[PDB]
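Presented below is the structure to which this report refers.
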Amino acid sequence: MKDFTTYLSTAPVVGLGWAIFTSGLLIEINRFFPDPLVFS
Amino acid sequence: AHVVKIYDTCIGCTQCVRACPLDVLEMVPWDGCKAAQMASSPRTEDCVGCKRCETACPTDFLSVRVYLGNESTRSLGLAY
Amino acid sequence: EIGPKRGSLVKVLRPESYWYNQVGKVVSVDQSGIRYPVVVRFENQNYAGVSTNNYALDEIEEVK
Amino acid sequence: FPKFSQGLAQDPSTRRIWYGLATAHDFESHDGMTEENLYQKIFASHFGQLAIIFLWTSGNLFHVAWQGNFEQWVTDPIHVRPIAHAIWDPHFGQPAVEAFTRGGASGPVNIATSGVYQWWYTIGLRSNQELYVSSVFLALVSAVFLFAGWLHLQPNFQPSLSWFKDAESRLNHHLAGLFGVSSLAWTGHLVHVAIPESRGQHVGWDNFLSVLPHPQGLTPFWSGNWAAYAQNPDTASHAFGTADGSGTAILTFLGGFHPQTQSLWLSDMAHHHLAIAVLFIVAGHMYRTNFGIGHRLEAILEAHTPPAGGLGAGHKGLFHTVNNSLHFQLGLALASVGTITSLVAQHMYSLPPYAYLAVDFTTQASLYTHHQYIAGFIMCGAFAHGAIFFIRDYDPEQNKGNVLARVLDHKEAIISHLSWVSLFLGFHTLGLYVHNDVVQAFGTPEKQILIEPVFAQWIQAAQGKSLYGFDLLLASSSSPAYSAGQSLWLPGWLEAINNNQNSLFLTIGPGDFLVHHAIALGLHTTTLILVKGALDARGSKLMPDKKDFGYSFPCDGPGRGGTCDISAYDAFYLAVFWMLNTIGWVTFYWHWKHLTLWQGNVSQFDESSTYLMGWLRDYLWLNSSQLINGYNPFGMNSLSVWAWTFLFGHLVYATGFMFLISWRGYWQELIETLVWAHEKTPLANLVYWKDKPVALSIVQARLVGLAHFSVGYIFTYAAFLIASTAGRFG
Amino acid sequence: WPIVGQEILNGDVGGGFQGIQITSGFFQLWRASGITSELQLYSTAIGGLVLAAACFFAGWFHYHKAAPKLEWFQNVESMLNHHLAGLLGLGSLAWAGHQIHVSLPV
Amino acid sequence: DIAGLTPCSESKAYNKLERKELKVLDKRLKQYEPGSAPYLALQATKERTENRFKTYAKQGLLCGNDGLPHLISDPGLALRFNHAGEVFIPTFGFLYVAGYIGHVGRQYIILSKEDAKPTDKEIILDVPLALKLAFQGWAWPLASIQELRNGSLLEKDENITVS
Amino acid sequence: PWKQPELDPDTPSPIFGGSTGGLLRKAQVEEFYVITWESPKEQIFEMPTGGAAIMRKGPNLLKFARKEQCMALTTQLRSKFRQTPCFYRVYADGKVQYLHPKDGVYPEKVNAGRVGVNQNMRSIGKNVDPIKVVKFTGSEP
Ligand code: CLA
Ligand code: CLA
Ligand code: CLA
Ligand code: CLA
Ligand code: CLA
Ligand code: CLA
Ligand SMILES: CC1=C(C/C=C(\C)CCC[C@H](C)CCC[C@H](C)CCCC(C)C)C(=O)c2ccccc2C1=O
Ligand code: SF4
Ligand code: SF4
């Protein structure tokens, strides 16, 4: 398990979790309060 | 007709001599290094300007440099 | 003793070198009158892949 | 064959022939050279380029007078098309001569695009006889210069080195005589000849002594009443040829354009080149030359050293650096000439100086594009020739502590900041274009990020444009800047700038905003590619001694991870691609914004230039309809020559991709195989080459492929620019 | 899905349905065989996942647990007979059966 | 108003563009049945489109002769004429986020280089440390001026040069 | 060596059917190279130009058009079969020159007789700028 967690700490995997967060956050930020252009 | 100059930083590795195919580099004794060897370039008329030697040199910067210049039949590697 | 101490870090002053104004460990020093006795080892590689090079007394100075 | 170089002559291959041409006019590297013989060979060669210029101009005059319609054009300048030179191609067919004979002339012809008809007509040429007389004049002047390049090379008449390195005398003679007196005389021509020719009077060598330019003569000039020459200017209802609506003025400050010929007033341009003559003669008497008075150049540079030491020693040591380095002097001249060439492009389309040029839509384009393309080529040379200075003619110990060494010391900061500007400009410009490409595509054209260029509209309001409503000083009647120059220039200037049917300060929108930002990205990155090749010319960490090798070399080998395209020549090589890309955008933006103006539908550019598909749909694909149908299977129009050239460019551009992508090693093994066949064949083996065949060198291919690349990048657009604009006639 | 823009891609294809128009020819392939309902496609998908895991399991088994020797690989003559008769021969004979009993009667 | 631009509420082309974009959906809506899912999808797009246009008008945007909204960048005109949310306020929002990425990556680089084998820490990250710094960077401007005023931000001629 | 070995132009060659990588018109006109070596048994080796050939027990001789073609073969024989080849240079005039083991000892081993050539007594870099030698040839010499 120590080696599995180490594999998960590689660059390709940590980047995959980052991408799901940033993309998931932005798509969710467009789904709610739809299509923003001016900021109030 | 290329130019091959070796500088003061040689350490007598002989890797330049083993690499260059055309036998343009040989080892000569010297008192400057631990190995008591230094390179030389007696026959540059046979230099094809491949520049493999410079790659062999394992110093911070090259103690062997092949300054390209005027061409010839032997330098251009022409079988014809 | 002729030169810096074993295991001592020093800063390089060759303008030609990849390691210029950079620090490296002194691996050894020869006291037989050689022009470039001081052997130095760095962690970072150069462009070729070599991490050591023999420098001179005047070309090296104290760290930082 | 190269006598100037023995090293290449001993070469047995074809590399001798190629390198013999390219190193021909590089006098420094020649064998047995001397600094004194260098300047003399240059001085003689510079006479040559004059000889080709004056002959090239003589050829246009003759070929126009003999074959053109200059006499017919002046009578109806708007409708009649000019004629450049006739055609004799025996490979034509009968439909082609019937199509290419569109002009009034009998045989087929080529319609002109330069604009020389509008220029010659303005300065007072109204006959073909006067062009014949002129073509002889320049051909004589051309022969005189050839005789001088030979004469000033002889044992006698051979200038010494001290004569060349006399900067103070060259400035005074060239600023006062070449610039000033020439500008003074051109005013003498506009007054004594051209303005009369506009107002009907025929002035020539027969009658220029008897005819007065002004009724009063010179008595106002001596008395001091210099305002008498500006009393009765030409009226608005004035035909450019006849005396209807004429005046007596020769020097005036009306400002603005002439109504009929949308062009600058001749009396203004006459007044212009006069004042330029005065400043330039005054500036000519500045430096010291064989008399006690005058400034010295070296004393000035040594003095302008700031005390605190922000620049160290300052400008010390630079005089001997500039005066002895020819590459330094050449970079500054190209830098200055390159920039000026862009001004000529930017200031002519907005301020037409010639008669009936605003109406000739095809002619305005070509001239603007030709000057802009040359601007980039000249600018690239200034850096490149600036990089050679650092290798050959730079001495660090002499130039120690000065501005030139202090720049070269911290170059890592300059190249870093330049890179950041290009990255930020490139990422944001591409992003805005993409964001609008998509959001248009999903049917929502209101979600676009359209930012108004407020800072530029602030200027046009501060220069007379009342559309935006900023109400700045010169758009406000109460301000003093409106009060001053109210009697002089503003009534004519305010009328033109506020007119939205001319190219003087066109309306700006958010589409013009993105195009300007895209340009900035190209200009900053192009400089970064060049600046790097200059500052890192002396050395890099990968190659601490580039200076020992030269400006142009292959590479330092596959060692140290790879050193292909390090030399400063390879930086110039890569910048030309960007240069063409930058001028392309600059020129694509000029053409479309003007087509929409000429077609009347300005809304085409404002709405569609905000997203990239508009550029591909509305500008490229749409205006390439009449052109592509130049030779149809049914028939052929007069635009067939342009469609043929259209493809000719598309092809030459692709052939360069071979020399760029495919390198040498694939080919030399191939030529070795053909050599085997030529010797083993029974009868062909009897024939044997004198020089051995080998593939082209590495640096040669970079050059050759760039030529095939740039020629296609010019011949393609020139056809598209002329055909699109000529077929619509608007 | 329905996000910013995007939905317009779900064009009016026809059949009480809107989506991206494909150009793979799967629909004509599934009709050449006897396929009238969607239930036949679901099973066909679950079979692939079952066989695919078997394939993946095999690669771990044939390498990590029980891996053949070089002698097994050099039995090239054996491979040709099994690949020709077994895979291409019976494979084609099998398909004929399905076409005769399903692809033709449907 | 400013720069000869009309507000989007008063513009005619702005409403013309609304009537156009809705007409496309109404024509597309005629094909399908009322209670079907394609009908619900298009009605939602109709609802979003009607909301996009009214919100941009309510926000005091400026529409040109073409009928599309334009943005203003100078903070003086933005604040004077109430157009600050367009560009001037988006600039501060981004800089806080951009600085956060820099202050975080700079700290992970410095701290891993204080230990043995920093090369391995780049390809194989210390995720507990990276998350710690990522949640400690909310006040990145304070630390920067703290590090600038102190002098431990910049290095001093201990860097490699080339000549 | 003790003495330069003169060329024996009549020695048996390897068993090689022939190829197209052989000699061209340059060889008869300008120069060509020949290599000699002595093998203890009959073996197979790769030629630089072409394919495989069979050596012969005893002396062997080849003819090549380039020095690299010859030295490429020495590196193969010295490594694979551990032999000691020696090759010459033959001009069109018939003159012969003994090249590679010119001292008898291979260049990668020192010998007292050798004298240094093209030896600069300075560090790389640390040399004058091109401006100092602007009007004659050479910054490195
Ligand atoms: C006042 C103008 C001026 C002057 C006096 C010089 C003078 C010189 N330049 Mg310079 N240069 C200039 C402008 C100028 N240049 C500009 C504007 C640029 C930017 C493009 C350059 C770029 C430049 C480079 C990059 C180099 C020089 C070099 C040189 C030196 C001579 C090289 C030589 O003999 O080449 C002779 C070369 C030729 C005869 C070949 C030119 C062939 C051209 C490219 C083909 C053109 C296409 C074809 C004809 C099109 C036909 C159309 C077809 C359809 C029919 C000499 C000091 C060289 C130098 O100093 O080396 C150290 C050098 O490397 N110059
Ligand atoms: C910038 C100066 C300048 C320029 C470019 C022109 C240009 C022109 N003039 Mg003009 N002119 C000028 C000044 C100038 N003028 C001045 C100051 C006057 C007042 C006297 C006139 C009075 C005048 C008249 C009255 C006429 C012209 C005409 C002409 C046209 C034809 C000239 C021709 O074919 O050569 C013909 C040349 C000669 C007959 C001999 C010229 C003798 C001078 C002194 C030689 C100068 C050579 C000069 C030094 C060359 C430079 C190279 C140098 C190194 C050798 C041409 C557009 C004629 C025309 O039809 O225009 C509409 C015409 O009839 N001009
Ligand atoms: C439109 C661009 C272009 C053109 C014209 C060519 C042309 C050619 N390529 Mg390239 N190729 C290209 C793009 C192009 N390629 C690019 C960008 C790449 C990069 C991958 C490659 C990579 C490449 C490789 C690696 C090789 C080729 C080969 C060839 C040659 C094949 C022999 C042949 O068919 O010639 C026939 C002649 C023509 C096709 C020219 C057609 C135009 C007409 C016929 C010429 C008219 C002449 C005219 C009448 C005379 C006027 C004289 C005038 C001075 C008066 C040929 C010359 C092969 C080769 O050279 O070996 C055989 C080779 O192996 N190509
Ligand atoms: C395989 C088919 C093919 C190919 C390979 C080409 C290739 C080429 N065409 Mg072409 N063309 C084709 C088909 C093809 N065409 C067809 C079918 C037509 C219609 C019949 C045309 C009509 C056409 C025209 C009218 C023109 C070309 C041009 C060109 C050349 C421009 C290359 C370049 O990099 O310039 C530079 C590329 C650009 C500047 C970008 C392309 C246009 C962009 C979208 C404009 C954006 C400008 C603006 C500032 C935004 C960019 C900024 C950015 C930061 C976002 C190029 C070699 C042009 C040319 O001759 O070269 C000068 C030219 O004017 N083509
Ligand atoms: C990345 C590679 C690739 C991809 C993405 C695709 C994608 C596609 N293929 Mg294709 N195919 C490929 C490679 C690829 N193919 C190659 C290299 C071949 C040469 C053998 C074929 C032969 C092929 C055929 C004959 C057909 C497709 C079809 C299709 C389409 C339907 C997919 C499907 O499941 O049909 C499934 C296919 C079948 C049910 C019939 C397969 C019959 C072949 C002949 C079986 C041969 C297998 C055999 C054991 C392997 C060769 C033996 C060896 C000795 C050569 C689809 C768009 C079908 C189509 O057109 O769609 C409508 C179609 O008929 N493919
Ligand atoms: C902490 C990481 C980091 C930091 C603090 C910086 C900081 C800086 N960079 Mg930079 N850079 C980085 C990573 C970083 N960079 C990476 C990974 C690359 C390779 C793509 C580059 C490539 C690069 C170039 C080409 C340039 C800079 C430049 C600059 C300077 C101006 C800002 C800029 O526009 O850069 C550009 C910004 C980018 C290219 C985006 C970088 C990619 C992401 C957004 C950042 C990486 C964050 C990291 C992966 C997260 C790790 C966090 C950790 C806890 C796990 C600036 C001081 C410019 C300069 O020289 O200054 C004058 C410049 O020209 N950088
Ligand atoms: C095709 C090709 C060759 C070989 C091309 C050759 C040998 C063609 C040159 C010789 C022909 C006969 C000249 C053709 C004539 C020209 C059309 C006109 C030349 C005009 C000048 C005399 C001014 C290279 O040597 C080469 C080298 C490096 C990178 C790429 C390449 C490359 O792509
Ligand atoms: S250039 Fe090539 S052949 Fe000549 S000495 Fe160097 S490596 Fe050997
Ligand atoms: S230019 Fe060619 S030979 Fe030189 S390093 Fe690059 S790929 Fe290798």
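Observations on the model:
- Residue pairs whose Cβ atoms lie under 8 Å apart, separated by 6 or more positions or on different chains, with the first residue in segment D:652-663 and more than 14 Å from chain B (Cβ to nearest Cβ) and the second near ligand 7 (Cβ under 6 Å from one of its atoms) and assigned to a loop (DSSP other than H, G, I, E, B), are D:659/D:696.
- From E:61, E:17, residue being aromatic (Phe, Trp, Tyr), more than 18 Å from the chain's Cα centre (by Cα), outside any helix (DSSP H, G or I) and surrounded by 10 or more Cβ atoms within 10 Å (Cβ to Cβ): E:17
- Cβ-Cβ under 6 Å pairs, at least 6 apart or on other chains, segment F:62-87 side over 17 Å from residue D:445 (Cα atoms), far side acidic (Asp, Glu): F:72/D:452
- Among helices (runs of 4 or more DSSP H) entirely within segment F:11-103, having at least 3 residues that are of a type outside the set (D, E, K, R), in contact with a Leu (Cβ under 8 Å, 6 or more places away or on another chain) and more than 30 Å from residue D:454 (Cα to Cα) singles out F:37-58.
- Subset of segment C:1-54 that is of a type in the set (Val, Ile, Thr) and surrounded by 19 or more Cβ atoms within 10 Å (Cβ to Cβ) - its residue that is farthest from the other protein chains (Cβ to nearest Cβ): C:26
- Segment D:621-640 - residue that is in contact (Cβ under 8 Å) with a residue 24 or more places away in the chain and not hydroxyl-bearing (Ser, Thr, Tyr) and, of those, nearest to residue F:17 (Cα to Cα): D:623
- Residue selected from segment B:20-57 under the condition surrounded by fewer than 19 Cβ atoms within 10 Å (Cβ to Cβ), at the interface with another protein chain (Cβ under 7 Å from one of its Cβ atoms) and in contact with a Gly (Cβ under 8 Å, 6 or more places away or on another chain), by the criterion farthest from residue B:76 (Cα to Cα): B:34
- Subset of segment D:140-179 (residues that are surrounded by 13 or more Cβ atoms within 10 Å (Cβ to Cβ), over 26 Å from residue D:273 (Cβ atoms) and among the small types (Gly, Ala, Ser)): D:143, D:148, D:149, D:167
- Boolean, residue D:238 is part of a loop (DSSP other than H, G, I, E, B), of a type outside the set (A, V, I, L, M, F, W, C) and touching a residue at least 24 places away in the same chain (Cβ under 8 Å): no
- Residue match in segment D:710-729 (condition: free of Cβ contacts under 8 Å to residues at least 60 places away in the same chain and either in a helix (DSSP H, G or I) or closer than 30 Å to residue D:366 by Cα (or both)): no
- Filtered by the rule that a residue be away from ligand 3 (no atom under 15 Å from the Cβ) and within 14 Å of chain B (Cβ to nearest Cβ), segment D:696-730 gives D:697, D:698, D:699, D:700.
- Here residue D:75 meets each of (1) surrounded by fewer than 12 Cβ atoms within 10 Å (Cβ to Cβ); (2) among the hydroxyl-bearing types (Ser, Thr, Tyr); (3) more than 30 Å from residue D:124 (Cβ to Cβ) with one exception, condition (3).
- Qualifying residue in segment D:581-596 (condition: crowded, with 19+ Cβ neighbours inside 10 Å and either within 16 Å of ligand 1 (Cβ to nearest atom) or over 26 Å from residue D:730 (Cα atoms) (or both)): yes
- Among residues of segment E:22-40 that are away from ligand 7 (no atom under 16 Å from the Cβ), those with a Cβ under 6 angstrom from a residue that is not aliphatic (A, V, I, L, M), sequence gap 6+ or separate chain, pair up as E:33/E:103; E:34/E:103.
- The residue list D:116, D:109 contains one member that is touching a strand residue (DSSP E or B) at 6+ places or on another chain (Cβ under 6 Å) and either surrounded by 18 or more Cβ atoms within 10 Å (Cβ to Cβ) or of a type in the set (S, T, N, Q) (or both), which is D:109.
- Residue among D:624, D:609 that alone is within 25 Å of residue D:503 (Cβ to Cβ), within 14 Å of chain F (Cβ to nearest Cβ), surrounded by 14 or more Cβ atoms within 10 Å (Cβ to Cβ) and more than 16 Å from ligand 6 (Cβ to nearest atom): D:609
- Residue E:96 vs. criteria within 23 Å of residue E:30 (Cβ to Cβ) and assigned to a helix (DSSP H, G or I): yes
- Residue satisfying condition, being surrounded by 13 or more Cβ atoms within 10 Å (Cβ to Cβ), out of contact with any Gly (no Cβ under 6 Å at 6 or more places or on another chain) and within 14 Å of chain F (Cβ to nearest Cβ), within set D:630, D:614: D:614
- Against the list (1) under 10 Å from the mean Cα position of the chain (by Cα); (2) within 9 Å of chain G (Cβ to nearest Cβ); (3) within 17 Å of residue D:560 (Cβ to Cβ), the condition residue B:3 fails is (3).
- Residue D:437 being of a type in the set (D, E, K, R), surrounded by fewer than 16 Cβ atoms within 10 Å (Cβ to Cβ) and in a loop (DSSP other than H, G, I, E, B): no
- Per-region count, segment D:328-347, residues buried (at least 19 other Cβ atoms within 10 Å of the Cβ) and within 11 Å of residue D:386 (Cβ to Cβ): 3
- Positions within segment D:584-629 being hydroxyl-bearing (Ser, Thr, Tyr), within 11 Å of ligand 4 (Cβ to nearest atom) and assigned to a helix (DSSP H, G or I), in sequence order: D:587, D:589, D:619
- When D:497, D:519, D:459 are screened for being farther than 30 Å from residue G:129 by Cα, within 27 Å of the chain's Cα centre (by Cα), within 14 Å of chain F (Cβ to nearest Cβ) and hydrophobic (A, V, I, L, M, F, W, C), only D:459 passes.
- When segment F:16-36 is limited to residues that are touching a residue at least 24 places away in the same chain (Cβ under 8 Å) and farther than 16 Å from residue E:8 by Cα, the one that is farthest from the other protein chains (Cβ to nearest Cβ) turns out to be F:16.
- Residue among D:534, D:575 that is part of a helix (DSSP H, G or I), more than 22 Å from the chain's Cα centre (by Cα), buried (at least 20 other Cβ atoms within 10 Å of the Cβ) and among the hydrophobic types (A, V, I, L, M, F, W, C): D:534
- Taken over segment C:9-30, the criterion of being of a type in the set (A, V, I, L, M, F, W, C), within 16 Å of residue C:45 (Cα to Cα) and in a loop (DSSP other than H, G, I, E, B) is satisfied by C:19 alone.
- Scanning segment F:48-63 for residues being more than 10 Å from chain A (Cβ to nearest Cβ) and either touching a helix residue (DSSP H, G or I) at 6+ places or on another chain (Cβ under 8 Å) or surrounded by 16 or more Cβ atoms within 10 Å (Cβ to Cβ) (or both) gives a total of 5.
Laboratory data are not the source of any read-out in this text; all were calculated from the coordinates shown. Quick reminder, even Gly has a Cβ in these numbers, built from the backbone with ideal geometry, and neighbours come from all protein chains shown.
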